[PDB]
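A quick write-up on the structure given underneath.
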Amino acid sequence: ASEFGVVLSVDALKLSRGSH
Amino acid sequence: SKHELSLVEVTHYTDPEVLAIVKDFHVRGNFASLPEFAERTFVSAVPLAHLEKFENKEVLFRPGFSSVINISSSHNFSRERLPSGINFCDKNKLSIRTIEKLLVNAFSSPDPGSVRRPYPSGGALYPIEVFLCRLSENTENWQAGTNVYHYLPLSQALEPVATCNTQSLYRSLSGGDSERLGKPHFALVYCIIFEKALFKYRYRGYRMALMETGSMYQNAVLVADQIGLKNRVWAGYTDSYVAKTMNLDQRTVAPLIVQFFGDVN
Amino acid sequence: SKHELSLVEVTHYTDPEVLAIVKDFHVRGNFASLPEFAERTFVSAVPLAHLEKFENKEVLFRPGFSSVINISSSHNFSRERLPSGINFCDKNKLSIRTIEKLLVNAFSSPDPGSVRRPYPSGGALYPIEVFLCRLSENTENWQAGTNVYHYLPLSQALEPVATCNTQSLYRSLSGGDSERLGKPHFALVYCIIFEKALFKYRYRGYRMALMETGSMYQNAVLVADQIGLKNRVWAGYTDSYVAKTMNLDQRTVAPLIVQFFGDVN
Amino acid sequence: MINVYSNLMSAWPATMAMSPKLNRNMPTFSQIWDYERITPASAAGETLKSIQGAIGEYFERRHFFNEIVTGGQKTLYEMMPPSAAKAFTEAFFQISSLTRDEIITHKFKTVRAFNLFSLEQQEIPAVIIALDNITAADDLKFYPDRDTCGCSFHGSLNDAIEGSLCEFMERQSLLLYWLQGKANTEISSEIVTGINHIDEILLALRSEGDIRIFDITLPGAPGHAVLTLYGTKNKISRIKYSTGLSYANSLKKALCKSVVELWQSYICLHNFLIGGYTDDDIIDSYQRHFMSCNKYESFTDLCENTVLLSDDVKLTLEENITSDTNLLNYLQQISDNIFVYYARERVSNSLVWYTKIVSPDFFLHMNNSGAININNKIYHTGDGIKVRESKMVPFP
Amino acid sequence: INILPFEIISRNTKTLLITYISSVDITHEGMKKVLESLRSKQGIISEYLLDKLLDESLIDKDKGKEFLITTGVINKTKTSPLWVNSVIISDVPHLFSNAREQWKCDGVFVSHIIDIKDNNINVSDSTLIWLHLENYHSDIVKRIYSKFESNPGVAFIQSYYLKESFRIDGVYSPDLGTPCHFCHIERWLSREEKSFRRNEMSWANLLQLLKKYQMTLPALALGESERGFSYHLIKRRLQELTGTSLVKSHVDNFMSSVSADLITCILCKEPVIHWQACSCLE
Amino acid sequence: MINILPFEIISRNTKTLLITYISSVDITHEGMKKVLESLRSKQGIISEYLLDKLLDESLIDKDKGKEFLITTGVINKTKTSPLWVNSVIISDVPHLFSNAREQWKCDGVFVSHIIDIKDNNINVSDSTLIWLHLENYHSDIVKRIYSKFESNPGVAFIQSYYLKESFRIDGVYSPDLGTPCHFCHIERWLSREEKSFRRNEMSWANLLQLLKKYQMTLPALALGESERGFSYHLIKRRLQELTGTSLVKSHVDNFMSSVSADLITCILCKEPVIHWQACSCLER
Amino acid sequence: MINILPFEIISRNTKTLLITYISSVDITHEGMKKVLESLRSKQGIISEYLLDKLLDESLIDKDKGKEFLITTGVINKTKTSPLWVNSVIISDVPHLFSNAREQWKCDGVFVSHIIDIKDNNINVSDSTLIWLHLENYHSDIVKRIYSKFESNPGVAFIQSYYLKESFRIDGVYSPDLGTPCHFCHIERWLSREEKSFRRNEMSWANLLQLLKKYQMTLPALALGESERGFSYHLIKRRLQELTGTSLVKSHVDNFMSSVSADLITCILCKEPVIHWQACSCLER
Ligand SMILES: Cc1cc2nc3c(=O)[nH]c(=O)nc-3n(C[C@H](O)[C@H](O)[C@H](O)COP(=O)(O)O)c2cc1C
Ligand SMILES: Cc1cc2nc3c(=O)[nH]c(=O)nc-3n(C[C@H](O)[C@H](O)[C@H](O)COP(=O)(O)O)c2cc1C
Ligand SMILES: Nc1ncnc2c1ncn2[C@@H]1O[C@H](COP(=O)(O)OP(=O)(O)OP(=O)(O)O)[C@@H](O)[C@H]1O
Ligand SMILES: Nc1ncnc2c1ncn2[C@@H]1O[C@H](COP(=O)(O)OP(=O)(O)O)[C@@H](O)[C@H]1O
Ligand SMILES: [Cl-]
Ligand SMILES: [Mg+2]
Ligand SMILES: [Mg+2]
Ligand SMILES: [Mg+2]
Ligand SMILES: [Zn+2]
Ligand SMILES: [Zn+2]
Ligand SMILES: [Zn+2]
């Protein structure tokens, strides 16, 4: 949520983008 | 079992193009090495008589020139590596305690609570699996009838794999050159799990996996020398036949190298 | 120089089909790893957040089952391998005597008259070459201005290779991940000579050569631990750029793996 | 392996993979993951069967959970012949608290079906078939508890029906066993199947814990419903109980699918548990319920309370005079009111088929802890174990 | 004659025919003999052999055939190319101002470029209608379908933009009974709407809110280069659909979508199937 | 470096929607609507100062505004100095590129000049990526360019040209990085095209041809406006991958590799080529 | 096992010449001339007893005679027991093989039977290599054979058939050795033949086809007597490599691999195939 709008949809895969 | 990983998790990241191209390539290096094919096949593109000229040599960066910085041998504090054993002899009984010594020292931490192995690994992914093959009736056994085992380096435990007899397993691993090899008590077989080698780093993972195999059998070499076992790393085997005999599924996993262990009279 | 081999002898046996197919394959594993490409490239097909689930695990031959033969850790007589060093620190001067200790112990016999190396090799052909890269002005040097050398394991001597400066050589070897790496005193680069890997055993030779690379850097790991050097085997480099910087001809020879050495504060 | 990935705006699911395995004598597992559109479809056995089964289960579940549309809106006595409308009325009058007058005057959402015996075309209530909450929203007060019993997908209508019919048989058999505790026979736990992957599983389970193999086929029925049960007291085992079930004409075939399904459930849960995955990952209440049955007490409760019609334990998988008899004859003797819901779609130059076999004269679903037609032609309140009439069977 | 996929199921002396569009009680023994015969014959047959079969089973040729065509057991398809011409209907027709001229030498014959905003669009028989949209709204597809579904030998194909993707639908042919536009997208929306757990950040939310607000879905920030790329894909699919019959060409040439990732420029060719719930199946 | 990503901002009646590659938002704020229209107007990169200015103008907090614009997929922040500071296109068909400089700014690609190959006194600054694209192939054209510019500090080259029914984009040729040149590429493809059933291209027929001055043209089908259009898009996206606004990250194992496209089928093939044994590019 | 190698022994006037693959000799001895004519008459293998008998008959010392016959390339001595004790050819075109049993003895190949696929009660002994060669391909034919004979102790199979303009000889399929079967092969070739620009064959179009009963025919050009002739020679030489008189040793890395031939170009391609992921042959 933000003061600018409401989020309808998200492409989760695109939004995500030695040993750990 | 405590540190178990399911290959289902791994395959979620597999590029099938990569897997196909790597296996296509890998299989070009497989051998059909059998006693029955001796007189109609060969291994060496170089004749026996010209080989010595190629053995134990140095290729120079400036061939024909001799200007070098020499280094003292006084810095060397190591023992010379034993010669690799040939025609092994199984007259002596060999205990499970000796096989156990090799396994924990070459591949496992001394601390059974720790997950840090005595060899490094790209991404800490450890795609290479160690299988134990018992080749002599003069070799002691943990579970009668079981001649193939899988070593779990983190649990420090053996997982039964196959109840093939000892003659069949020797035949698969020893290719057409078994008579020279003689009679080892046991072998380790190092195997790549293709998707585990490939899922994170893609093609470069294949390269990292084969190198890992070498770090592993090398620890075994050094450990063998120290506990008074002879050994010989071995490439003279029919890949698919070994796989078959050990009940490995070749679509997932393949033997890269065999390593033989035992005495020498 | 006494044990010199000319690659002209080798090429007389090269199958050009084999060489082309192996290089085509090999090059699929090369990386374009540079600081300037960080924000438009990636290395891992697995997200950082899912990686831990894949690190230091065991794949089971009978997944979901726990029946095993446990093995005593009381048989382990080894030391635990040190963690692989990261952000190295070059505050201390590092002597040539220390680099020399590593070289002769990891790759050479203690007997300078002997040709028997502390790691085995398919056909005793030894296709893998060791190069030395000096990366710190706080590293002592044998011949001022020379930062790349070739180690001759049988003569036990260094052959000058390149007078690239120390900043350029660090840049090539350290890929885009140099800031995490910090400042090592030196590196070894392990390189395959393709025709030497291929001429005798054909495709299977490629497999044997990469495994050899692993036996070699492993000896270095063990030797580093013993003389109190930190190290990290390293795959985050641009293959051709390293090659270029070391003045290797990529048609003949290619870097398989880099290994970094130094202190850690 | 396989590793087919589709863009999220594709017709096709996010992923399909065949799982690598070290052991060539273990069964292949194949699975399709499609976000939370459905829960992951999977299948197990021989490699190609595994792959066909996961594809098939994916088409099946997507259809019933995500894709049904009703053919409109009718009362029970409008959509079908009278003695069937009555059978449905009596089922529904047990399942909710609404009156018979409310039930017979309510306009239900409809789906195509035909009578299993006469092939007579009719409609049945869509609320039984659709597994989403929208298709027949206005009907759910009559039938709040729906599931996938008798659901099936195939590329031949015959195969789809045969699949629906066998699952119907197995789930009717399972519920009757659950409620009464009666089985026809135990098959030797030490049976050798002759089929590599089946033997492998049995050996692994025998050495991890204990198995019991029971023929629970509806009495008098041809074919074999075979239920396999595992449990262990072993402390480092993450699976303390699992189970599998299948029905076929052939005892061997049923046993083999039974064993493979036990392993399928065993390994999925095992992987969930070692994966670290959370309860928020579980969206299906049958799965939640099965997962809360992962204790040895699930195994002993069934085993101690199982009564066997035959004395000795079956040493071989040889058929008998009953198996051979006609399944439609047997079923019709019990009830005329068995319907086949059916849908079909063109793929290339073929049709694929989605079927579900349904009877209000039988159990309409398998959750006798929800709202269920407890009184029907094969069970009546009181015949069986009473606590079990309000508890759901420990089966996923 | 193409023999479509169907099933017949028998029990007692009863028989039930199910086809892709129909479910029919078969009480005439003659027609059971005709359907059983066609069930085992795989695909394309000759008018002569069908007529021989009908005469054998004592069924009027004309009437028997009307039945088989009407219930979707057979269709009466052309051995010559299915579409003698083609037309492009678009909201960006100016992008195709030279297409008719140019594509000639590729052997692609487009008679007319047509603005979607034109009132009174006509279209000849045996014509393939290419509907290309930068501003996607499902009622635009609905409109074109309603106007032309009834034209003899008509077919349709639709291209549009979804985020980074350029999507070309399969060919929708009433005559051949291939899937339509809605068989894809309406089924896709059904699956989002009827998810076992709705992803509350689903792209269906955007699609459904654009209906509610009477707004089109725009292609995202197309420049000249993306239009050039699009143009070429269109030309090459039309080339694929040129000179094409069910004798020349397999149905999978029609029952296939092409999706192109405009960033990576990678293509994805995927099968298209019917949706039982779609109203294209009447 | 604020990179402006692909999006639209649409209004009808009182409803306003933002749609990006990442997300979609029902915008309930006039100020942010104005910000978003202004950004939709600008091509490619924007000074973080302009962004702050535009935020303050609409009375929007700067970090809240920015966090919104980044996470919703409208913009992103990049930090790294790139390898080539600049691109030039050298071509026999420069008209085809006459709006490229202008348009491709919005894709974050800086092409400084379109150069006609006919021109003498062709100049290229240091650390410039030279894109040589030929419709009418001749190897002497490539030789000339390598000859003019191989010595330039930090230079690299890409070559694109047609062969049969394919459009070819070579791997990046970088003396500094040691990567294969054009001739390494075109020999790899002329080898594959021989109906040889053999990877190995070498025979006495080839040996004899190598005695002559290296020189050649390529057979390829005639181009229409549509093949040119397709080619323009792959050029842009390839330049974008290397030097522009990254939308999709490339794996390190393929980033510099060749890209080949069938113009019939429109299928791409990305493929790393080995050094050609008879080539000189390693010895320079 | 004395194997008689290819040679001729020619006489005109008083001059007699022996010519082999190894060597040529001006024969200055009547006895050895007789020996050599007798051997040229015999097919393939000869009992070392017959050889001694033939030597003693011409008054020639036995070890001197033998050393001559071996080193000049007339014969050789082989010691090893082979993997398959016997070969059978199963075919839809058995007429094409009606002299094969007789002729191929001279190449050291023991084929015990030519079997028409039409025949019921087809029997095969243990450790027999089954060559299945089909002009009219159907996968059910292969399935039937695997089904009849996979369980036979020590069995292996080769399949040969036509695809497009190629003649295909599969790798040796050996349950014992773990090698890929026919279906592993034909899937590898049907993958390569797709204009996919991709090694990976898998997609939803393929997934859907796998739902149907595995079943297929192969498109291939019509054969003339000449294609049949060519095919007959590759069959013979392939059998010879595996079970007959070895003339040229195979490398271990290719010995069991597939052999494909273009019938237009006559070029051979020898190639090891991987196990197909969707195949069952590993699980048996
Ligand atoms: C072939 C190989 C390549 C490696 N490459 C890298 C690398 O690029 N970067 C890095 O930080 N570590 C690298 N490592 C080190 C591993 O990440 C390290 O061995 C592993 O995480 C386990 O940590 P430890 O060695 O400290 O036990 C590599 C190791 C191997 C064997
Ligand atoms: C990868 C690899 C494969 C090998 N394969 C064989 C083999 O097949 N047969 C064999 O006799 N020795 C084999 N060896 C052993 C080498 O021949 C041996 O290391 C070399 O001749 C040097 O002898 P040494 O190890 O006794 O110093 C192999 C060694 C390596 C590293
Ligand atoms: N009355 C007849 N007597 C004998 N043979 C006939 C007769 N009618 C048709 N045939 C044969 O059957 C074949 C099939 O022709 P048919 O009339 O079915 O046209 P079609 O197959 O529908 O082709 P199209 O409509 O595409 O031209 C003909 O080529 C002809 O040899
Ligand atoms: N060859 C096939 N073609 C289409 N669908 C299939 C095929 N084989 C199995 N299925 C379907 O896959 C689903 C899963 O089958 P399976 O795993 O055997 O049994 P279960 O019903 O226990 O899941 C069922 O809908 C089944 O009908
Ligand atoms: Cl059955
Ligand atoms: Mg299932
Ligand atoms: Mg089911
Ligand atoms: Mg089931
Ligand atoms: Zn439709
Ligand atoms: Zn070059
Ligand atoms: Zn196979």
Side-chain angles (χ1 to χ4, degrees), chain B residues 24-25 27-28 45, chain C residues 14-25 202-203, chain F residues 163-164 187-193 197 199-210 219 274 276-277, chain G residues 96 107 131 133-135 137 158-172 180 182 184-193 197 199 218-242 247-251 253-274:
Chain B
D24 285 348
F25 174 73
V27 86
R28 296 184 183 279
Chain C
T14 286
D15 184 343
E17 186 78 0
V18 170
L19 181 67
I21 288 166
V22 172
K23 289 161 155 218
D24 285 348
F25 174 73
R202 304 173 52 79
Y203 291 104
Chain F
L163 173 51
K164 289 192 138 217
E187 284 296 317
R188 180 65 174 89
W189 316 137
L190 296 181
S191 169
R192 179 173 286 150
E193 291 284 320
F197 299 92
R199 164 56 174 117
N200 165 56
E201 24 96 37
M202 277 305 176
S203 88
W204 268 101
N206 298 289
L207 287 189
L208 296 178
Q209 278 156 35
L210 284 172
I274 66 172
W276 180 42
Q277 59 194 346
Chain G
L96 168 65
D107 302 280
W131 197 301
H133 169 73
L134 301 177
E135 271 191 27
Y137 182 84
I158 299 188
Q159 307 82 209
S160 57
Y161 49 99
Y162 305 80
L163 173 51
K164 289 192 138 217
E165 329 194 58
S166 90
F167 174 52
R168 296 292 178 158
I169 297 174
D170 297 334
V172 171
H182 171 65
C184 285
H185 284 83
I186 193 162
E187 284 296 317
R188 180 65 174 89
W189 316 137
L190 296 181
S191 169
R192 179 173 286 150
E193 291 284 320
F197 299 92
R199 164 56 174 117
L218 294 180
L221 245 165
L223 299 177
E225 188 209 304
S226 107
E227 284 77 23
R228 266 143 204 158
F230 190 78
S231 296
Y232 189 78
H233 188 63
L234 292 168
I235 288 159
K236 182 191 90 194
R237 283 301 195 213
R238 192 44 182 145
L239 263 180
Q240 183 167 357
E241 278 170 65
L242 293 158
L247 292 175
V248 169
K249 293 206 177 71
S250 287
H251 198 263
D253 68 11
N254 64 58
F255 178 63
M256 279 184 76
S257 303
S258 77
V259 179
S260 308
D262 193 286
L263 295 164
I264 311 309
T265 234
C266 303
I267 284 166
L268 259 45
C269 193
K270 204 177 271 273
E271 187 173 359
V273 166
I274 66 172

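Letters A, B, ... mirror the listed sequences (proteins, then strands); counts begin at 1. FYI, side chains are in, hydrogens and waters are out, and symmetry mates aren't considered; it's all heavy atoms of this structure.
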- Apply side chain to side chain donor-acceptor pair (under 3.5 Å) to the pair F/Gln277 and F/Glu201, showing each step before the final yes or no. CA-CA 11 Å; F/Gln277 59 194 346; F/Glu201 24 96 37; 3.2 Å; yes
Rounded to the nearest 0.5 Å, what's the gap from [atom1] on [X] to [atom2] on [Y]? Could you check?
| X | Y | atom1 | atom2 | result |
| --- | --- | --- | --- | --- |
| G/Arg192 | G/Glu187 | CZ | CD | 13.5 Å |
| F/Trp204 | F/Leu208 | CH2 | CG | 6.5 Å |
| G/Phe255 | G/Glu241 | CZ | CD | 7.0 Å |
| G/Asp170 | G/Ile186 | CG | CD1 | 7.5 Å |
| G/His133 | G/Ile158 | NE2 | CD1 | 13.0 Å |
| G/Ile235 | G/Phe167 | CD1 | CZ | 4.0 Å |

Just wondering, do [Y] and [X] contact through their side chains at under 4.5 Å, heavy atoms?
| X | Y | result |
| --- | --- | --- |
| G/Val248 | G/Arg237 | no |
| G/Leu218 | G/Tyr162 | no |
| G/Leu221 | G/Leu263 | no |
| F/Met202 | C/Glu17 | no |
| C/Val22 | B/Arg28 | no |

Write down the atom of [X], the atom of [Y], and the distance for their closest heavy-atom approach.
| X | Y | result |
| --- | --- | --- |
| G/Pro272 | B/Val27 | O-CG1, 3.7 Å |
| F/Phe197 | G/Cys269 | O-SG, 4.2 Å |
| C/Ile21 | B/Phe25 | O-CE1, 4.4 Å |
| G/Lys270 | G/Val259 | NZ-CG2, 3.8 Å |
| G/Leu163 | G/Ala220 | N-CB, 4.0 Å |

- Who pairs with G/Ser258 by side chain to side chain contact (heavy atoms under 4.5 Å, CB included), at least two apart in sequence or on another chain? G/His185, G/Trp189, G/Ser260, G/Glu271, G/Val273
- Those residues that, when tested against G/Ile264, pass side chain to side chain contact (heavy atoms under 4.5 Å, CB included) (two or more places apart): G/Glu165, G/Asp262
- Output yes when a side-chain donor or acceptor of G/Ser166 lies under 3.5 Å from a complementary backbone atom of G/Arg168, and no otherwise. no
- Backbone N/O of F/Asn200 and side chain of F/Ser191: donor-acceptor pair under 3.5 Å: no
- Message: Apply side-chain contact (heavy atoms from CB on, under 4.5 Å) to residues C/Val18 and C/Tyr203 and explain how you reach the verdict.
- Response: CA-CA 7 Å; C/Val18 170; C/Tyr203 291 104; 3.8 Å; yes
- Task: Would you please name every residue forming a side chain to side chain donor-acceptor pair (under 3.5 Å) with G/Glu227, sequence neighbours left out?
- Result: none
- Task: Please name all residues satisfying side chain to side chain donor-acceptor pair (under 3.5 Å) with C/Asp15, sequence neighbours left out, ordered by chain then number.
- Result: C/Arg202
- Task: Step by step, work out the salt bridge (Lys or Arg N to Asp or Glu O under 4.0 Å) result for G/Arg228 and G/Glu225.
- Result: CA-CA 5 Å; G/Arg228 266 143 204 158; G/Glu225 188 209 304; over 6 Å; no
- Message: If the condition is ring pair (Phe, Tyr, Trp, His ring centres under 6.0 Å), which residues does G/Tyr161 pass it with, not counting sequence neighbours?
- Response: G/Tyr137, G/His182
- Item | With G/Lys236 via salt bridge (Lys or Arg N to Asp or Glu O under 4.0 Å) - residues at least two apart | G/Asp107
